[PDB]
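So I pulled this structure from the PDB, and the sequence comes with it:
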8 protein chains.
Amino acid sequence: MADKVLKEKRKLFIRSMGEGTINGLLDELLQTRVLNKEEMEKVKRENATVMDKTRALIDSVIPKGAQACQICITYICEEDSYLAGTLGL
Amino acid sequence: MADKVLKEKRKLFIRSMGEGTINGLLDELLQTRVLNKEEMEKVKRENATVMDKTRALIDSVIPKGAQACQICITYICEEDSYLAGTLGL
Amino acid sequence: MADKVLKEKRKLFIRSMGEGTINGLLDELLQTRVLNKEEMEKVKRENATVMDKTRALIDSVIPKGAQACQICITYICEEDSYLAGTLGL
Amino acid sequence: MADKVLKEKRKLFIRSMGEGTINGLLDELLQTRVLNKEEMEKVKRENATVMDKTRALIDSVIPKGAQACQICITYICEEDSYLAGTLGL
Amino acid sequence: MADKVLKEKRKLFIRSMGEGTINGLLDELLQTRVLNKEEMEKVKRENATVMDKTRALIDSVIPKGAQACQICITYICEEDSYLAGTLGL
Amino acid sequence: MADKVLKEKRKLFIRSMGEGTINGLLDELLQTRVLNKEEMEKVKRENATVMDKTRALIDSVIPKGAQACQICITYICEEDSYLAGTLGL
Amino acid sequence: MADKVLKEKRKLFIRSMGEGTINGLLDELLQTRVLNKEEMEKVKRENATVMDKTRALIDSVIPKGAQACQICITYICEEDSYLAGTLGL
Amino acid sequence: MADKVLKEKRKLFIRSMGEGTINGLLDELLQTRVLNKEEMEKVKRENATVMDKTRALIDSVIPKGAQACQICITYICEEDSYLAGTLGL
């Protein structure tokens, strides 16, 4: 499932992802109702660097299960194909 | 019945619960008068990690009976449907 | 009285109120001497999201009595009429 | 005298006192030499919630006599007029 | 001596000093080796408001003796002459 | 072995370690399954200063054995070569 | 001799010691093997105020002879020269 | 060595260095692998004033040793000769 894949690639995700991808993924997750306004604002406002934002986003998304990680994987593949190829997914 | 269901899923609740869901559930339980101000303050301020907060909340809610557990389950299902699905609710 | 009204609508205030309203209400409460400088600074500086700020402000204002909550209600009605209508004030 | 008044209002004090007022009252009591450094440190660091801090402060101040209670009452009246009014002082 | 003066003006110091003066005084105390790196980091990172920072700094400086308080008084006089005149030193 | 080396360099580690290095080392230890989520969250959330974080991390890593200290030493050497040379690794 | 000096300066040590100095002295004593891990954890976690920590540390160090007290005196003189001068060391 | 020099001139560095020098020195330190991407971004993004940036940079560079401070000193001498002459190095 997608949760194991996302757990296996955590360091690469932290070291590779940028701010525009963070914003787009947050918008997609809010649209799909995986996250609510409070969680999104906690991710955005409580962290200053993009590494901390990625860390918080991954730690928020993984416990939700495989159906929540599949949305992230599909969005990244469809919108960040170069980053998706670098990440091996 | 709701209390037995909440007892059977304690470990999953501890391992899967997030901070935003904790805050929303605390607000809802305060609104329904299941918990008072002092209990919510003890939950929030005496614990540093989200696992400790979830542990304290479950240990404070289960003894209250089945009607408080039903309120908790209903709120989680209506507001955190992905977590509710991964928990088996 | 106003304290019961403000206690009955706590969740709506938490989910509905924005940062500009927080700043204006804090200025009004400081001018009316309901709060002092230390309380305002703890509301502003110890919280990162606006939900936490609203939570702290309500928890600080409710115990002061009905005369302190009436000031908040009047300010919201005269300055945020759309939000006041949504909240039912 | 002030000690009897503070004794008959213990529950209201516990349920209504805030953190900023506690900090200011501790500063005033330290300045007036009613309490020493160790007592204030035990009040601050051995309690996590504001209710516990208020409980400890009242239990430490009442045995000292009427003058120590009068200092607290005067400070609260001069600096927290809304709380003083809702407390019946 | 300087320690008695700093003990007699604790409330005024807490209520009057700002963040820039705190930063300058911390730099001066680190340069004079009155405080070490750990104490300065503990003052800065464990307090959110400037009142808490001033409280921690005064409580850390007073026990060191009169020679440590003289450095603080001299720095404040030479760098914050308006605040020094307000404080009466 | 690596555990003895980590025991006899504890003070240097506490006095020299930085926050970014701790974040990277925590990510590496989570990836290698030396630590789980609860221990990492206790290290990150229960300590406010970098010295306390380093102290907690070292006290959590040493009892695990030589094979975890080896992972820590290897990561530090490959990622913080200047700090590794200063420490004597 | 060091043990007698530390025994006749106990009140000054209790009233003048700070938390950063306590942490540094604990690290030094653990490095020199004067104390083991259990004693350090018992000093740190069973006391809430710095006065209690100082009392526990002094009562743990004095019965171990003159070398253990000399180590503490040397560390304090080398790292806390202002406090050492205040204490007459 | 250079680390002692940077410890001695910390206040002058904080009060004398501008933003262009910060940017150039950060680029040089990233090129020489004294700092990594996370530390550089943490210095840049979590501080608003140039004094805070200089403070963070010095506190991050000093613990790395003398070979990391010599790089900074050499870069400042080669690129900011007027500032280097003012700093006396």
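Noted; the coordinates are in hand. Residues are numbered from 1 along each chain as shown, chains lettered A, B, ... in the order given.

Can you pull up the residues of chain A that come close to chain C?
Neighbours of chain C within chain A, by Cβ under 8 Å from any Cβ of the partner chain: A:38, A:41-42, A:45-46. Using the backbone N, CA and C atoms, a C-beta is placed for each residue, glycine as well.

Can you name the residue of chain A nearest to chain B?
Closest approach of chain A to chain B (Cβ to the nearest Cβ) occurs at residue A:65, with a separation of 3.7 Å.

Distance of that residue relative to chain E?
The gap separating residue A:65 from chain E is 36 Å, by Cβ to the nearest Cβ, to the nearest Å.

just residue A:19 next, same as before
26 Å.

My guess is that residue contacts residue A:50. True?
Yes. Shown here, residue A:19 and residue A:50 form a contact pair, counting by Cβ atoms under 8 Å, at 5.1 Å.

residues contacting residue A:17?
A:50, A:54, A:83 (Cβ atoms under 8 Å, 6 or more residues apart in numbering or on different chains).

for chain B, what are the nearby residues on chain A?
Counting by Cβ under 8 Å from any Cβ, chain A sits next to chain B at A:33-36, A:38-39, A:42, A:60, A:63-65, A:67-68.

filter these to the buried ones?
A:34-36, A:38-39, A:42, A:60, A:63-65, A:68 (16 or more other Cβ atoms under 10 Å in any protein chain shown).

Relative to chain H, which of those residues is nearest.
residue A:42 (17.4 Å).

In three-state terms, label that closest one for me.
Secondary structure, DSSP: H, G, I helix; E, B strand; the rest coil: residue A:42 is helix.

Likewise for the one 5 residues further on?
Assigned with three-state DSSP, residue A:47 falls in the coil class.

again, but for residue A:52
Under three-state DSSP, residue A:52 comes out as helix.

Just the element for the closest residue to residue A:10 other than its chain neighbours, please.
Nearest non-adjacent residue to residue A:10, counting by Cβ to Cβ, 6 or more residues apart in numbering or on different chains: residue A:58, 5.9 Å away. Following DSSP states H and E, one finds residue A:58 within helix A:50-61.

List of residues touching that helix?
Contacts of helix A:50-61 (Cβ under 8 Å, 6+ apart): A:6, A:10, A:13-15, A:17-19, A:22, A:25-26, A:29, A:34-35, A:39, A:42-44, A:46-47, A:68-69, A:72, B:18, F:23, F:37, H:38, H:41.

now the angle from it to helix B:50-61?
30 degrees (axes from the mean of the first three to the mean of the last three Cα atoms, to 10 degrees).

now for the very next helix or strand once past helix A:50-61, which elements pack on it?
For helix A:50-61, the following helix or strand on the C-terminal side (DSSP H and E) is helix A:66-79. Identification of packing neighbours for helix A:66-79 by 3 or more Cβ pairs under 8 Å, 6 or more residues apart in numbering or on different chains; DSSP states H and E yields helix A:2-8, helix A:19-31, helix A:50-61, helix A:81-87, helix B:81-87.

What residues sit buried inside the second one?
Right, the one you point to is helix A:19-31. For helix A:19-31, by 16+ other Cβ under 10 Å, it's A:21-22, A:25-26, A:28-29.

again with stretch A:44-54
Buried, per 16+ other Cβ under 10 Å, within stretch A:44-54: A:44, A:47, A:49-54.

Quick check: the farthest pair among the residues you listed?
A:44 and A:51 (14.2 Å; Cβ to Cβ).

What residues does residue A:10 make contact with?
A:58, F:27, F:30-31.

Residue A:64 too?
Residue A:64 neighbours (Cβ under 8 Å, 6+ apart): A:34, B:16, B:82-83, B:86.

try it again with 7 Å
Contacts for residue A:64 were tallied using Cβ atoms under 7 Å, 6 or more residues apart in numbering or on different chains; they are A:34, B:82-83, B:86.

ok, those residues vs residue A:76, which is closest?
residue A:34 (14.1 Å).

Name the SS class of the closest one, please.
Residue A:34 ends up coil, using three-state DSSP.

okay, now residue A:55: neighbour count?
Residue A:55 has 20 neighbouring residues, counting by other Cβ atoms under 10 Å in any protein chain shown.

what do you get for residue A:86?
11.

could you measure it against residue G:78, distance?
52 Å (Cβ to Cβ, to the nearest Å).

And for residue A:57?
47 Å.

who has more neighbours, the two?
residue A:57 (24 against 10).

Give the closest residue to residue A:65 in space, chain neighbours not counted.
Nearest non-adjacent residue to residue A:65, counting by Cβ to Cβ, 6+ apart: residue B:86, 3.7 Å away.
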